[PDB]
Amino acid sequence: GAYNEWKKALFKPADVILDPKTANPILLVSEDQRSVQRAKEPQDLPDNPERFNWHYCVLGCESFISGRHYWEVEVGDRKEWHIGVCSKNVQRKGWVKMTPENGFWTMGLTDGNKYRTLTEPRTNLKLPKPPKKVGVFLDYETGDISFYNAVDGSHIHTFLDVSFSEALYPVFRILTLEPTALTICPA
């Protein structure tokens, strides 16, 4: 389809590799560092300064300060997940609302069937069909972050015209304990 045929002409495929040292201890990152799950119990890990210790987030290793980039995530049948990008300098220690004002640009799924944009305040999405695979797209210069259904090419959401002052990481958040992982598809 056009989404498959054109995306690489417009956006550089990011090889997103999950960074274990950022992951809240309640998350488990696969050996191959492409998948993240929620665990029954905290891993025995240090509170090193890269680690999210309140939100259940994990980042990719590589950040971006420029250009056009995209990666894809298998959300599959998980009932709960949020993904997006965040500033290098977000508050990783202690509570903060994941908003654009606080350097998170994310959308996701709660409670099986309630898709929403993590704006302040939050905001419902009506999706025709439920995505099994989301494409996340960043254009640093224009300031656009967009999500697409990466199978059928449908638009999910765009944050328009954000002024970035910072390096941006891919970010992923899962709250619930569930058979299906969040998994990054390489190119």
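Numbering starts at 1 and runs along the sequence shown. Each form is matched to the other, and the largest set of C-alpha atoms that superpose within 1.5 Å is called the rigid core.
Student: Consider 27-35 and 158-166 separately and indicate which one has Cα atoms farther, on average, from the shown form in 5 other deposited structures of this protein after rigid core alignment.
Tutor: With the rigid core superposed, the C-alphas that lie farther in 5 other deposited structures of this protein are those of 158-166.
Student: Out of 10-18 and 159-167, which stretch has the higher average CA B-factor listed in the record?
Tutor: So the stretch with the higher mean C-alpha B-factor is 159-167.
Student: For the stretches 43-51 and 118-126, which has the higher mean C-alpha B-factor as given in the deposited record?
Tutor: So the stretch with the higher mean C-alpha B-factor is 118-126.
Student: Looking at the C-alpha B-factor values in the deposited entry, which of 29, 151, 26, 57 comes out highest?
Tutor: In the PDB entry, the greatest C-alpha B-factor among 29, 151, 26, 57 is found at 151.
Student: What third of the chain, by the recorded C-alpha B-factor, contains residue 107?
Tutor: Within its chain, residue 107 is a lowest-third residue by C-alpha B-factor, going by the deposited values.
Student: Ranked by Cα temperature factor within the chain, is residue 100 in the lowest third, the middle third or the highest third?
Tutor: Ranked within chain, residue 100 CA B lands in the highest tercile.
Student: Would you mind checking where the Cα B-factor of residue 33 ranks among the modelled residues of its chain, as the lowest, middle or highest third?
Tutor: Ranked within chain, residue 33 CA B lands in the middle tercile.
Student: Looking at the temperature factor on the CA atom of residue 187, which third of the chain's modelled residues does it land in?
Tutor: It belongs to the highest third of the chain when residues are ordered by C-alpha B-factor.
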